[PDB]
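A.B. asks: This is my_file26.pdb, which holds PDB, C-alpha atoms and all ligand atoms:
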```
ATOM      1  CA  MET A   1     117.879 112.126 101.422  1.00  0.00           C
ATOM      2  CA  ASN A   2     115.528 114.810 102.745  1.00  0.00           C
ATOM      3  CA  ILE A   3     113.216 115.289 105.717  1.00  0.00           C
ATOM      4  CA  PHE A   4     110.338 113.449 104.035  1.00  0.00           C
ATOM      5  CA  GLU A   5     112.442 110.364 103.236  1.00  0.00           C
ATOM      6  CA  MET A   6     113.986 110.444 106.727  1.00  0.00           C
ATOM      7  CA  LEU A   7     110.647 110.514 108.530  1.00  0.00           C
ATOM      8  CA  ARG A   8     109.121 107.978 106.121  1.00  0.00           C
ATOM      9  CA  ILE A   9     111.907 105.582 107.142  1.00  0.00           C
ATOM     10  CA  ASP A  10     111.421 106.318 110.847  1.00  0.00           C
ATOM     11  CA  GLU A  11     107.607 106.240 110.863  1.00  0.00           C
ATOM     12  CA  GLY A  12     106.688 103.675 108.210  1.00  0.00           C
ATOM     13  CA  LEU A  13     103.395 103.724 106.339  1.00  0.00           C
ATOM     14  CA  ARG A  14     100.133 102.134 107.520  1.00  0.00           C
ATOM     15  CA  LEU A  15      96.762 102.872 105.909  1.00  0.00           C
ATOM     16  CA  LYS A  16      94.584 101.668 108.819  1.00  0.00           C
ATOM     17  CA  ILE A  17      94.457 103.053 112.354  1.00  0.00           C
ATOM     18  CA  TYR A  18      97.266 101.595 114.477  1.00  0.00           C
ATOM     19  CA  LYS A  19      98.814 102.334 117.871  1.00  0.00           C
ATOM     20  CA  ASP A  20     102.133 104.175 118.089  1.00  0.00           C
ATOM     21  CA  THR A  21     104.942 103.196 120.434  1.00  0.00           C
ATOM     22  CA  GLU A  22     103.198 105.026 123.297  1.00  0.00           C
ATOM     23  CA  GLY A  23      99.926 103.188 122.665  1.00  0.00           C
ATOM     24  CA  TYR A  24      98.154 106.127 120.997  1.00  0.00           C
ATOM     25  CA  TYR A  25      95.892 105.843 117.952  1.00  0.00           C
ATOM     26  CA  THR A  26      97.799 106.865 114.824  1.00  0.00           C
ATOM     27  CA  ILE A  27      97.525 106.508 111.043  1.00  0.00           C
ATOM     28  CA  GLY A  28      99.522 106.947 107.860  1.00  0.00           C
ATOM     29  CA  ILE A  29     103.124 108.102 108.254  1.00  0.00           C
ATOM     30  CA  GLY A  30     103.004 108.562 112.019  1.00  0.00           C
ATOM     31  CA  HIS A  31     100.009 110.913 112.178  1.00  0.00           C
ATOM     32  CA  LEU A  32      98.825 111.009 115.805  1.00  0.00           C
ATOM     33  CA  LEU A  33      95.020 111.012 115.975  1.00  0.00           C
ATOM     34  CA  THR A  34      94.300 111.153 119.720  1.00  0.00           C
ATOM     35  CA  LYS A  35      95.630 110.215 123.141  1.00  0.00           C
ATOM     36  CA  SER A  36      92.120 109.158 124.178  1.00  0.00           C
ATOM     37  CA  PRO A  37      91.668 105.380 124.632  1.00  0.00           C
ATOM     38  CA  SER A  38      88.457 105.620 122.574  1.00  0.00           C
ATOM     39  CA  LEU A  39      88.734 104.216 119.057  1.00  0.00           C
ATOM     40  CA  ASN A  40      85.589 106.183 118.169  1.00  0.00           C
ATOM     41  CA  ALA A  41      87.370 109.379 119.211  1.00  0.00           C
ATOM     42  CA  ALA A  42      90.293 108.437 116.953  1.00  0.00           C
ATOM     43  CA  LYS A  43      87.909 107.727 114.066  1.00  0.00           C
ATOM     44  CA  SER A  44      86.277 111.135 114.523  1.00  0.00           C
ATOM     45  CA  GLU A  45      89.675 112.839 114.435  1.00  0.00           C
ATOM     46  CA  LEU A  46      90.519 110.932 111.249  1.00  0.00           C
ATOM     47  CA  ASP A  47      87.316 111.953 109.485  1.00  0.00           C
ATOM     48  CA  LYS A  48      87.931 115.577 110.503  1.00  0.00           C
ATOM     49  CA  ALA A  49      91.527 115.453 109.232  1.00  0.00           C
ATOM     50  CA  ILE A  50      90.656 113.845 105.885  1.00  0.00           C
ATOM     51  CA  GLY A  51      87.315 115.554 105.220  1.00  0.00           C
ATOM     52  CA  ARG A  52      85.277 112.389 104.654  1.00  0.00           C
ATOM     53  CA  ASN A  53      83.912 109.374 106.500  1.00  0.00           C
ATOM     54  CA  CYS A  54      86.921 107.023 106.422  1.00  0.00           C
ATOM     55  CA  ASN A  55      85.979 104.185 108.824  1.00  0.00           C
ATOM     56  CA  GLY A  56      89.597 104.090 110.044  1.00  0.00           C
ATOM     57  CA  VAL A  57      91.168 103.589 106.586  1.00  0.00           C
ATOM     58  CA  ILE A  58      92.844 106.066 104.219  1.00  0.00           C
ATOM     59  CA  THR A  59      94.516 105.952 100.818  1.00  0.00           C
ATOM     60  CA  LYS A  60      98.246 106.353 100.231  1.00  0.00           C
ATOM     61  CA  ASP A  61      97.620 109.759  98.633  1.00  0.00           C
ATOM     62  CA  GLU A  62      95.759 110.807 101.782  1.00  0.00           C
ATOM     63  CA  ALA A  63      98.553 109.491 104.017  1.00  0.00           C
ATOM     64  CA  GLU A  64     101.132 111.455 102.020  1.00  0.00           C
ATOM     65  CA  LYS A  65      99.055 114.634 102.129  1.00  0.00           C
ATOM     66  CA  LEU A  66      98.642 114.349 105.914  1.00  0.00           C
ATOM     67  CA  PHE A  67     102.384 113.713 106.149  1.00  0.00           C
ATOM     68  CA  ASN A  68     103.230 116.860 104.163  1.00  0.00           C
ATOM     69  CA  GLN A  69     100.948 118.893 106.437  1.00  0.00           C
ATOM     70  CA  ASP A  70     102.537 117.342 109.545  1.00  0.00           C
ATOM     71  CA  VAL A  71     106.112 118.083 108.417  1.00  0.00           C
ATOM     72  CA  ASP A  72     105.161 121.675 107.623  1.00  0.00           C
ATOM     73  CA  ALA A  73     103.462 122.055 111.009  1.00  0.00           C
ATOM     74  CA  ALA A  74     106.663 120.898 112.714  1.00  0.00           C
ATOM     75  CA  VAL A  75     108.737 123.440 110.769  1.00  0.00           C
ATOM     76  CA  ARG A  76     106.321 126.272 111.505  1.00  0.00           C
ATOM     77  CA  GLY A  77     106.244 125.292 115.183  1.00  0.00           C
ATOM     78  CA  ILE A  78     110.040 125.563 115.327  1.00  0.00           C
ATOM     79  CA  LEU A  79     110.027 128.944 113.590  1.00  0.00           C
ATOM     80  CA  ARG A  80     107.411 130.405 115.959  1.00  0.00           C
ATOM     81  CA  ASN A  81     109.114 129.133 119.132  1.00  0.00           C
ATOM     82  CA  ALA A  82     111.546 131.544 120.793  1.00  0.00           C
ATOM     83  CA  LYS A  83     113.631 128.683 122.214  1.00  0.00           C
ATOM     84  CA  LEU A  84     113.815 126.522 119.087  1.00  0.00           C
ATOM     85  CA  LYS A  85     114.164 129.088 116.292  1.00  0.00           C
ATOM     86  CA  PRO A  86     117.670 130.372 117.194  1.00  0.00           C
ATOM     87  CA  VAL A  87     119.062 126.839 117.447  1.00  0.00           C
ATOM     88  CA  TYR A  88     117.352 125.775 114.214  1.00  0.00           C
ATOM     89  CA  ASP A  89     118.680 128.802 112.336  1.00  0.00           C
ATOM     90  CA  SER A  90     122.212 128.019 113.576  1.00  0.00           C
ATOM     91  CA  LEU A  91     122.167 124.524 112.021  1.00  0.00           C
ATOM     92  CA  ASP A  92     123.112 123.254 108.577  1.00  0.00           C
ATOM     93  CA  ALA A  93     120.444 121.607 106.423  1.00  0.00           C
ATOM     94  CA  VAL A  94     121.124 117.999 107.460  1.00  0.00           C
ATOM     95  CA  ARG A  95     121.033 118.826 111.170  1.00  0.00           C
ATOM     96  CA  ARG A  96     117.870 120.903 110.635  1.00  0.00           C
ATOM     97  CA  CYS A  97     116.275 117.655 109.447  1.00  0.00           C
ATOM     98  CA  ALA A  98     117.232 116.008 112.748  1.00  0.00           C
ATOM     99  CA  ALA A  99     115.569 118.901 114.606  1.00  0.00           C
ATOM    100  CA  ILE A 100     112.355 118.599 112.565  1.00  0.00           C
ATOM    101  CA  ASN A 101     112.399 114.846 113.201  1.00  0.00           C
ATOM    102  CA  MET A 102     112.452 115.404 116.981  1.00  0.00           C
ATOM    103  CA  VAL A 103     109.641 117.982 116.835  1.00  0.00           C
ATOM    104  CA  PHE A 104     107.599 115.650 114.627  1.00  0.00           C
ATOM    105  CA  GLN A 105     107.970 112.858 117.180  1.00  0.00           C
ATOM    106  CA  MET A 106     107.651 114.741 120.496  1.00  0.00           C
ATOM    107  CA  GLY A 107     106.081 118.100 119.692  1.00  0.00           C
ATOM    108  CA  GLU A 108     107.317 121.678 119.928  1.00  0.00           C
ATOM    109  CA  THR A 109     106.921 121.916 123.708  1.00  0.00           C
ATOM    110  CA  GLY A 110     108.702 118.613 124.320  1.00  0.00           C
ATOM    111  CA  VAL A 111     111.769 119.499 122.257  1.00  0.00           C
ATOM    112  CA  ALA A 112     111.859 123.048 123.653  1.00  0.00           C
ATOM    113  CA  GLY A 113     112.517 121.454 127.058  1.00  0.00           C
ATOM    114  CA  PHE A 114     115.849 119.970 125.882  1.00  0.00           C
ATOM    115  CA  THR A 115     117.462 123.246 127.002  1.00  0.00           C
ATOM    116  CA  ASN A 116     121.001 121.954 127.571  1.00  0.00           C
ATOM    117  CA  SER A 117     121.067 119.847 124.398  1.00  0.00           C
ATOM    118  CA  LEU A 118     119.848 122.861 122.410  1.00  0.00           C
ATOM    119  CA  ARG A 119     122.635 125.023 123.840  1.00  0.00           C
ATOM    120  CA  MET A 120     125.298 122.442 122.963  1.00  0.00           C
ATOM    121  CA  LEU A 121     123.888 122.164 119.432  1.00  0.00           C
ATOM    122  CA  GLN A 122     123.974 125.944 119.000  1.00  0.00           C
ATOM    123  CA  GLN A 123     127.590 125.914 120.266  1.00  0.00           C
ATOM    124  CA  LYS A 124     128.326 123.180 117.669  1.00  0.00           C
ATOM    125  CA  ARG A 125     129.650 120.832 120.373  1.00  0.00           C
ATOM    126  CA  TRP A 126     128.431 117.806 118.473  1.00  0.00           C
ATOM    127  CA  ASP A 127     129.843 114.935 120.545  1.00  0.00           C
ATOM    128  CA  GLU A 128     128.796 116.652 123.769  1.00  0.00           C
ATOM    129  CA  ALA A 129     125.311 117.281 122.365  1.00  0.00           C
ATOM    130  CA  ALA A 130     125.071 113.639 121.281  1.00  0.00           C
ATOM    131  CA  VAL A 131     125.914 112.378 124.776  1.00  0.00           C
ATOM    132  CA  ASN A 132     123.439 114.820 126.348  1.00  0.00           C
ATOM    133  CA  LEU A 133     120.633 113.941 123.905  1.00  0.00           C
ATOM    134  CA  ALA A 134     120.923 110.252 124.852  1.00  0.00           C
ATOM    135  CA  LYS A 135     120.281 111.074 128.531  1.00  0.00           C
ATOM    136  CA  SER A 136     116.553 111.205 127.905  1.00  0.00           C
ATOM    137  CA  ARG A 137     113.329 109.244 128.106  1.00  0.00           C
ATOM    138  CA  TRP A 138     113.263 109.680 124.311  1.00  0.00           C
ATOM    139  CA  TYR A 139     116.474 107.711 123.805  1.00  0.00           C
ATOM    140  CA  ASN A 140     115.518 105.077 126.363  1.00  0.00           C
ATOM    141  CA  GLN A 141     112.057 104.445 124.891  1.00  0.00           C
ATOM    142  CA  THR A 142     112.932 104.614 121.157  1.00  0.00           C
ATOM    143  CA  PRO A 143     116.689 103.931 121.110  1.00  0.00           C
ATOM    144  CA  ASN A 144     117.147 102.900 117.476  1.00  0.00           C
ATOM    145  CA  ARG A 145     115.323 105.931 116.130  1.00  0.00           C
ATOM    146  CA  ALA A 146     116.994 108.237 118.663  1.00  0.00           C
ATOM    147  CA  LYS A 147     120.398 106.809 117.722  1.00  0.00           C
ATOM    148  CA  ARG A 148     119.718 107.609 114.060  1.00  0.00           C
ATOM    149  CA  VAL A 149     118.645 111.166 114.880  1.00  0.00           C
ATOM    150  CA  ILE A 150     121.568 111.655 117.301  1.00  0.00           C
ATOM    151  CA  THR A 151     124.052 110.331 114.723  1.00  0.00           C
ATOM    152  CA  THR A 152     122.644 112.895 112.299  1.00  0.00           C
ATOM    153  CA  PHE A 153     123.288 115.670 114.845  1.00  0.00           C
ATOM    154  CA  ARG A 154     126.734 114.248 115.661  1.00  0.00           C
ATOM    155  CA  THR A 155     128.037 113.880 112.092  1.00  0.00           C
ATOM    156  CA  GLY A 156     125.961 116.227 109.936  1.00  0.00           C
ATOM    157  CA  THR A 157     125.630 113.342 107.463  1.00  0.00           C
ATOM    158  CA  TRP A 158     122.901 110.937 106.391  1.00  0.00           C
ATOM    159  CA  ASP A 159     125.088 107.950 107.323  1.00  0.00           C
ATOM    160  CA  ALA A 160     122.613 106.535 109.855  1.00  0.00           C
ATOM    161  CA  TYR A 161     119.917 106.355 107.166  1.00  0.00           C
ATOM    162  CA  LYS A 162     122.102 105.054 104.313  1.00  0.00           C
TER     163      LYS A 162
HETATM  164 CL    CL A 201     113.388 102.757 118.216  1.00  0.00          CL
END
```
What is this file in structure tokens?
Ligand SMILES: [Cl-]

C.D. replies:
Amino acid sequence: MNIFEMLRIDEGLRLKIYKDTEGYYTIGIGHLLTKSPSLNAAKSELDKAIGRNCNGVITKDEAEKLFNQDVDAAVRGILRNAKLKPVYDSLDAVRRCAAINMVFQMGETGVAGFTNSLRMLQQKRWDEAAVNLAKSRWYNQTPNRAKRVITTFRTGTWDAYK
């Protein structure tokens, strides 16, 4: 297991524009296109991201390339954020994957607001962090995915994904 396999499981793969769990236009392996309700706006974002006129459809190679860029952007967002970087650097490799997963799903600013969870993670209070992470809109709106991510923080293993 690695971060790419973990997020591929959590996000799936769809080659045509779809709506994510929040109702936002998305493509590929969970690549958000826009929060605008305009499908044309989503199609313009797609063409810009891919570099060609796609008509709302991409290839699997294109989906995987977008996915690699998106994972890297999540990592670089963590490393440039004064609240997230110290927690990230305190974690082992498996738990770092759980952190990237959260930033991929909710964005750097969203995860940076989990101030008390982040402190408990940095203190390595895993069960306490797990309880605190579940007290969130995130857990309530996507409970199966949040439970997998939280189990990864709690145990430091890939057991939720096996
Ligand atoms: Cl879910």

A.B. asks: Kindly work out which residues sit at most 6 Å from ligand CL 201 (chain A), using all atoms listed in the file, and give the list as a ChimeraX atom specification.

C.D. replies: /A:142-145

A.B. asks: For residue 75 (chain A), find every residue with an atom within 9 Å (counting only C-alpha atoms), except residues of its own chain fewer than 4 positions away, and show them as a ChimeraX atom specification.

C.D. replies: /A:70-71,79-80,100,103-104

A.B. asks: How many Å lie between CA of residue 102 (chain A) and CA of residue 50 (chain A), rounded to one decimal?

C.D. replies: 24.5 Å

A.B. asks: Neighbours of residue 113 (chain A) within 10 Å (only C-alpha atoms; same-chain residues fewer than 4 positions away dropped), as a ChimeraX atom specification?

C.D. replies: /A:83-84,108-109,117-118

A.B. asks: Please determine, counting only C-alpha atoms, which residue among A:33, A:110, A:67, A:52 has the shortest atom-to-atom distance to residue 81 (chain A).

C.D. replies: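 Of all the options, A:110 lies closest to residue 81 (chain A).
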
A.B. asks: As an exercise, work out the distance from CA of residue 12 (chain A) to CA of residue 114 (chain A) in Å and give it to one decimal place.

C.D. replies: 25.7 Å

A.B. asks: Given the file shown, enumerate the residues that the PyMOL selection byres (((chain A and resi 160) around 10) and not hetatm) captures and present them as a PyMOL selection string.

C.D. replies: chain A and resi 6+145+147-152+155+157-159+161-162

A.B. asks: With the PyMOL selection byres (((chain A and resi 22) around 10) and not hetatm) as the selection, what would be picked from this file? Answer as a count of residues only, please.

C.D. replies: 9

A.B. asks: Please measure the separation of CA of residue 86 (chain A) and CA of residue 146 (chain A), giving the value in Å to one decimal.

C.D. replies: 22.2 Å

A.B. asks: Find, counting all atoms listed in the file, the residue in A:111, A:31, A:61, A:153 that gets nearest to residue 97 (chain A).

C.D. replies: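 Closest candidate: A:153.
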
A.B. asks: Restricting the calculation to only C-alpha atoms: of A:136, A:72, A:30, A:17, which residue gets closest to residue 47 (chain A)?

C.D. replies: A:17

A.B. asks: Per residue of region 1-62 of chain A within 12 Å of region 90-95 of chain A, note the shortest atom pair and the distance in Å to one decimal, counting all atoms listed in the file, and order the rows by chain and increasing residue number, as a tab-separated table.

C.D. replies:
```
residue	atom	partner	partner_atom	distance
A:1	CA	A:94	CA	9.0
A:2	CA	A:94	CA	8.0
A:3	CA	A:94	CA	8.5
A:6	CA	A:94	CA	10.4
```

A.B. asks: Pick the closest to residue 57 (chain A) from A:126, A:4, A:18, A:139: which is it, counting all atoms listed in the file?

C.D. replies: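 Of the candidates, the smallest distance to residue 57 (chain A) is held by A:18.
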
A.B. asks: For residue 65 (chain A), which residue among A:37, A:107, A:77, A:28 is the nearest when counting only C-alpha atoms?

C.D. replies: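 Smallest distance to residue 65 (chain A) is found for A:28.
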
A.B. asks: Which residue, A:8, A:76, A:154, A:43, has the smallest gap to residue 120 (chain A) when you use only C-alpha atoms?

C.D. replies: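 The shortest atom-to-atom distance to residue 120 (chain A) comes from A:154.
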